[PDB]
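A.B. asks: Please see the structure below; I have some questions.
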Amino acid sequence: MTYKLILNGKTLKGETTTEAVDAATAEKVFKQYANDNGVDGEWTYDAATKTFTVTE
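Start counting the sequence shown at 61; every next residue gets the next number (this note's numbering).
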């Protein structure tokens with residue numbers, strides 16, 4: 061399932077897309093890399109736009 065997440069960290073700002081079976085896995089994969097990249101804090105997501113949003 062194509063999934064996209066906006067890595068809007070406090071200073072670090074970057075957009076990212078990826079694949080995943082469901083959304084929980086995608087969010088996990090996105091959360092991991094987001095955390096690996098030191099980016100997290102707020103975690104918003106919508107099913108209508110099917111896009112993930114993150115921000116510190």
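Cβ coordinates follow ideal geometry from the N, Cα and C atoms, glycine included.
Going by DSSP, name the residue or residues bridged to residue 112.
C.D. replies: Translated into positions along the sequence shown, residue 112 becomes position 52. Answer by DSSP bridge pairing, in chain order: 65 and 105.
A.B. asks: Anyone know if the C-beta pair for residue 114 and residue 100 falls short of 8 angstroms?
C.D. replies: One-based indexing of the sequence shown puts residue 114 at position 54. One-based indexing of the sequence shown puts residue 100 at position 40. Against a cut-off of 8 angstroms, the Cβ pair of residue 100 and residue 114 comes out as a contact.
A.B. asks: Which residues mark the beginning and the end of the beta strand (DSSP E) in which residue 78 is found?
C.D. replies: As a working mapping, residue 78 is identified with position 18 in the sequence shown. Residues 73–78.
A.B. asks: Would you tell me roughly how many angstroms separate the C-alpha atoms of residue 95 and residue 62, rounded to the nearest one?
C.D. replies: Within the sequence shown, residue 95 is the residue found at index 35, counting from 1. Within the sequence shown, residue 62 is the residue found at index 2, counting from 1. If you take the alpha carbons of residue 95 and residue 62, they lie about 20 angstroms apart.
A.B. asks: Between the alpha carbons of residue 79 and residue 86, how many angstroms are there, rounded?
C.D. replies: By one-based count along the sequence shown, residue 79 stands at place 19. By one-based count along the sequence shown, residue 86 stands at place 26. Cα to Cα, the separation comes out at about 7 angstroms.
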